[PDB]
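Notes follow the structure.
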Amino acid sequence: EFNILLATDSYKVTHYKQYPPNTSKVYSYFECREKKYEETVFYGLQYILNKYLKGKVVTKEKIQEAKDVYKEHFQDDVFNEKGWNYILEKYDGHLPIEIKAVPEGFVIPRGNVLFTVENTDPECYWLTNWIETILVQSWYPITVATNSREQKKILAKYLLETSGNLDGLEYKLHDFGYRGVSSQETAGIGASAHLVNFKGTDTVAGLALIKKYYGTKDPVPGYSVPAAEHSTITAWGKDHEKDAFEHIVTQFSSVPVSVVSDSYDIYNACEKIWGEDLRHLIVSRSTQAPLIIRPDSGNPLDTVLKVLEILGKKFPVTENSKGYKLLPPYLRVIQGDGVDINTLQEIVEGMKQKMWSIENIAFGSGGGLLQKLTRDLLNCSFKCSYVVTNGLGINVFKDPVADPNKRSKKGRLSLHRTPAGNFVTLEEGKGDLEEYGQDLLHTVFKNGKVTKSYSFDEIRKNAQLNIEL
Amino acid sequence: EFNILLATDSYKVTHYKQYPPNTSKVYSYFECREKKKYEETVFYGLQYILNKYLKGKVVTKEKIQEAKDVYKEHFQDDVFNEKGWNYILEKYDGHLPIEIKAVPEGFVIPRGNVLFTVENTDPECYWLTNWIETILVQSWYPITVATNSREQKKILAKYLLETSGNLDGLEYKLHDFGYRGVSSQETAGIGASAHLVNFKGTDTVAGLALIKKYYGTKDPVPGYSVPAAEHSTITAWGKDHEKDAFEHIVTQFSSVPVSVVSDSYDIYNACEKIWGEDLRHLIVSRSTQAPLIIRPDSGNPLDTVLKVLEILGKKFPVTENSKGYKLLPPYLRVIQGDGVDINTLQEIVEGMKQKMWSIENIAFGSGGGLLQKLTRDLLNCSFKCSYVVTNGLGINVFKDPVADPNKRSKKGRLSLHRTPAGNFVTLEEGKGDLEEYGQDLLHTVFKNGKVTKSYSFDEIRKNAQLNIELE
Ligand SMILES: Nc1cccc(C(=O)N2CCC(CCCCNC(=O)/C=C/c3cccnc3)CC2)c1
Ligand SMILES: Nc1cccc(C(=O)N2CCC(CCCCNC(=O)/C=C/c3cccnc3)CC2)c1
């Protein structure tokens, strides 16, 4: 079972002995520090509040387990047993913490307060930063959701330019990342974050997480279709690739079906197998049930362009109302190898230059989508900005000489709309002056309870692109 | 609760309809594919997966029904192999009819070798082998963390031995700072445990419980830490009182090593004029067991380390060790734990060496670089079907994409062997059966729902030792 007393960085065990004597308040905040990626989608806090922070999180057994572990880990008795016991006894093991946060799905420029944390009992001054470690992990769903939304912006731009509309947008970036993340837990968190922006996923773990922690009106938040893998083609033998293809598209004759076509020779597969031997099985398919040809190797742009050129010579191409070429409706491509935000841009731009509509393609992304991301992409960071010691509040901050980008904010913070409707973070308690209206942060956790929450449907609404609105 | 029926890539739900008819066996393997440097990989983490997710009764009627219900909506179609999952429930009380054979954990194996194989033990469950690809391929993560951590240990060992003449302290020279910087609690425990294969210092507490539960150590714990400050504990004093914070902290922890982040405002002033003058008397009186460890945390990591050492060498008595390298007094050391990854680590120790500073002077912390800034394509960790039985005939299967020979997979039944010169070879096409190469190094570790062979964390560490530590 999870034990919050064992879910912090080791050094934080020792911090209660380091703050100024008679400190009754430690007040901290989270931002995606300013330094590409100008605005971040705030998502994932609610998962952490519910799974890890709410309710009775301290027990006698957890305190004893922690004590025993830390005694050996530090080769010394430095653990605040009394401090944890106080929480157990006074609050029935509910954390005396208040968290205020911007609504989930909100899209906020860099360098703004996203949430704040403070203790609600003077005895628990040390608890605010105990829980930095677990809260800072919100970087991950924030960053996944942000980077996925940034890819959506690219796809929207190019789809609108090449087709005149956004039809199909929220299926154009499919999550392939389940195997390529670091754990089952990560898989669910990251896949949920991608689903803020798109509807297509193979990372099944995302569905249960959303259902449990956020909720949707629809039975599920994301969808998939049948598709082949190398094992299901290659198992037939090298000389029987055509047989595998015929079997699979016949098994799935009335739903869209993706078929990995590069086991031996993508270009032969497209030109000869699909384009000649099995063409009669493709041209007969419903518009609601296309064959989706999947290359999976080689230079992504060059491979997509060559696959399209092949198919456009074997199948009847049309020219849409914008002047771009369009495969027949029973035939599409999915490129799901080497896709990240940079190659995504390269591919759609190269397709546009060769007069191929983005309607012809969808993308899959695995590691690029869910794994090839770090906390330093958006500089997601938690810092103390205010303390009260001997009854006096002081504004506190770091400001390292050699790196002004690491300067932190001072004092009590609030988030506001400017007169032009942008965001601003007021420091030093200046929000109290009421020159910029009401604080946009809401209390979402207090004293062991989640006090405000968002459905997944609301999060999605909040995270929509302008071009969509 | 975890449901293995919902723990696969969605498309794999449809694959039972795609394999050739009359297929009784699907046999697949995992490797860290070679790429025409990370030449060798530490095999670690499978045992976690086997125990946590794969062993015992993993199928129930309720799990079947919930998968069925989710998949109907997710696919907008009924494609789920309810019959096949029910078969396992009724026939094997929900235990997976799968055999997995693996190289022992901690083993260090060159790229492009079989590390483990998976096959179904019941013909009806031909589809189950690749169902569990997704969950098993996540072993990429502990392998990669353990590998990348070991490659960093190789760099540290080289420069420590050069600058000092020995490896003392090596075991503590790369500390895990990564708990906040990973994507989840579960990742934290897995990655931290992988780093501890190579080192003994960690602040990622999650790693300890994982090792205790799934591997085990003769010692009470596998990893250790010391007291240390963060910006909050310094800055909470007010800037004008940074010296008061330092004094308070080193006096609180006067008898153990203590790390004190020193860059809140001006790292150079803190070193030269706070530690180097105002509080010097509290540092020179410390035990060799209980040094002050000054922690910069900003600026160019090499430049900052070199400037910090230059300042400290002017304020504190420096000696020259027997190799000619400068050494701080024993009550004073440095920890650099900003911007550290395998590339910057190398830069910093080389820069130190060029300026005649012993690596004895320094330890490193690494967070995102150690545990998060890694992907499955670093070592090309990959799982592929290499053998099937169809109509009772075994056939060697493989991929070989025309545009990428690096993605060619191995053929047939595989086995891993020592070569006559003591290297490793993977034999393909069942050639291991010829017995020209001594015993297969793959052992059965899972069979029909049971974990059949386990390794302690101690054994894993032994297996993963560096040669230089052997020598
Ligand atoms: N306009 C346009 C253009 C392209 C297509 C379409 C269209 O019909 N759809 C949009 C795409 C949507 C999903 C397709 C997933 C296919 N699945 C795979 O390829 C699975 C691979 C995989 C690989 C590795 C790991 N896990 C899974 C089906 C509907 C429309
Ligand atoms: N030769 C030599 C050279 C350098 C030192 C030493 C020496 O005494 N040791 C080696 C190092 C070992 C551990 C020190 C960790 C200190 N912890 C921190 O700085 C924690 C920071 C942090 C930051 C972010 C997230 N989590 C934690 C103490 C023993 C010997």
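Basis: the model, the stated rules and, where named, an outside source; none is laboratory data. Positions of Cβ are generated from backbone atoms using ideal geometry, with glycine treated the same way; all protein chains shown enter the neighbour counts.
Residues in segment B:13-24 that are within 16 Å of ligand 1 (Cβ to nearest atom) and more than 7 Å from chain A (Cβ to nearest Cβ) were compared, and the one that is nearest to residue B:54 (Cα to Cα) is B:13.
Please determine whether any residue of segment B:212-219 is surrounded by 24 or more Cβ atoms within 10 Å (Cβ to Cβ), more than 16 Å from ligand 1 (Cβ to nearest atom) and within 11 Å of chain A (Cβ to nearest Cβ). So far as segment B:212-219 goes, no, none of its residues is surrounded by 24 or more Cβ atoms within 10 Å (Cβ to Cβ), more than 16 Å from ligand 1 (Cβ to nearest atom) and within 11 Å of chain A (Cβ to nearest Cβ). Within segment A:296-312, one or more residues are buried (at least 18 other Cβ atoms within 10 Å of the Cβ), of a type in the set (A, V, I, L, M, F, W, C), more than 16 Å from residue A:363 (Cα to Cα) and in the same structural domain as residue A:157 (by CATH). Here is the figure for segment B:326-355: residues that are over 30 Å from the mean Cα position of the chain (by Cα), under 28 Å from residue B:367 (Cβ atoms) and within 16 Å of ligand 2 (Cβ to nearest atom) total 5. Selection of segment A:153-182 for residues being assigned to a helix (DSSP H, G or I) and within 14 Å of chain B (Cβ to nearest Cβ) yields A:171, A:178, A:179, A:180. Considering only residues in segment A:43-81 that are more than 33 Å from the chain's Cα centre (by Cα), of a type in the set (A, V, I, L, M, F, W, C) and closer than 18 Å to residue A:127 by Cβ, the one that is farthest from the other protein chains (Cβ to nearest Cβ) turns out to be A:63. Exactly one residue out of B:285, B:322, B:264 is within 14 Å of chain A (Cβ to nearest Cβ) and farther than 20 Å from residue B:153 by Cα: that is B:264.
Scanning segment B:363-383 for residues that are over 24 Å from the mean Cα position of the chain (by Cα), part of a strand (DSSP E or B), buried (at least 21 other Cβ atoms within 10 Å of the Cβ) and more than 16 Å from ligand 1 (Cβ to nearest atom) turns up nothing. Do you know which of the residues in segment A:309-350 that are in a helix (DSSP H, G or I) and either among the small types (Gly, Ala, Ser) or within 12 Å of ligand 1 (Cβ to nearest atom) (or both) is farthest from residue A:277 (Cα to Cα)? Going through the qualifying residues, I end up with A:350.
For segment A:211-229, the set of residues classified as under 30 Å from residue B:19 (Cα atoms) and among the polar types (S, T, N, Q) consists of A:224 only. Against the numbered list (1) within 29 Å of residue B:78 (Cβ to Cβ); (2) out of contact with any helix residue (DSSP H, G or I) (no Cβ under 8 Å at 6 or more places or on another chain), residue A:227 comes up short only at (2). Within segment A:166-210, being over 15 Å from residue B:7 (Cβ atoms), out of contact with any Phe, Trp or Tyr (no Cβ under 9 Å at 6 or more places or on another chain) and surrounded by fewer than 24 Cβ atoms within 10 Å (Cβ to Cβ) holds for A:166, A:167, A:168.
Test residue B:185 against the criterion of being touching a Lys or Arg at 6+ places or on another chain (Cβ under 7 Å) and not charged (D, E, K, R), and give yes or no. Here the answer is no, as residue B:185 does not meet what is asked. Is one or more of the residues making up segment B:218-237 farther than 30 Å from residue B:358 by Cα, β-branched (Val, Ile, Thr) and outside any loop (DSSP other than H, G, I, E, B)? Looking for residues that are farther than 30 Å from residue B:358 by Cα, β-branched (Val, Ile, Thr) and outside any loop (DSSP other than H, G, I, E, B), one finds at least one in segment B:218-237, hence yes. Each residue in segment A:241-261 was checked for being more than 9 Å from every other protein chain (Cβ to nearest Cβ) and among the acidic types (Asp, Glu), and 2 of them qualify.
Output the residues belonging to segment B:404-440 that are among the aromatic types (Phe, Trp, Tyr) and assigned to a strand (DSSP E or B). Matches in segment B:404-440: B:424 only. For segment A:441-461, filtering for residues that are out of contact with any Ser or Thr (no Cβ under 9 Å at 6 or more places or on another chain), outside any loop (DSSP other than H, G, I, E, B) and either surrounded by fewer than 18 Cβ atoms within 10 Å (Cβ to Cβ) or among the hydroxyl-bearing types (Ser, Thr, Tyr) (or both) leaves 4.
Residue count for segment A:384-417, restricted to those that are buried (at least 21 other Cβ atoms within 10 Å of the Cβ), farther than 16 Å from residue A:100 by Cβ and more than 12 Å from chain B (Cβ to nearest Cβ): 0.
May I ask you to list the residues in segment A:121-150 that are more than 17 Å from the chain's Cα centre (by Cα) and either in a loop (DSSP other than H, G, I, E, B) or within 16 Å of residue A:29 (Cβ to Cβ) (or both)? Once the filter is applied, which keeps residues that are more than 17 Å from the chain's Cα centre (by Cα) and either in a loop (DSSP other than H, G, I, E, B) or within 16 Å of residue A:29 (Cβ to Cβ) (or both), segment A:121-150 yields A:121, A:125, A:126, A:127, A:128, A:129, A:130, A:131, A:132, A:133.
Taking each residue of segment A:183-194 that is facing chain B (nearest Cβ under 7 Å) and looking for partners that are surrounded by fewer than 24 Cβ atoms within 10 Å (Cβ to Cβ) and not small (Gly, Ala, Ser) with beta-carbon atoms closer than 6 Å, six or more apart or interchain, yields A:183/B:186; A:185/B:186.
In this structure, residue B:82 does not satisfy being surrounded by fewer than 24 Cβ atoms within 10 Å (Cβ to Cβ), more than 20 Å from residue B:19 (Cα to Cα) and away from ligand 1 (no atom under 16 Å from the Cβ).
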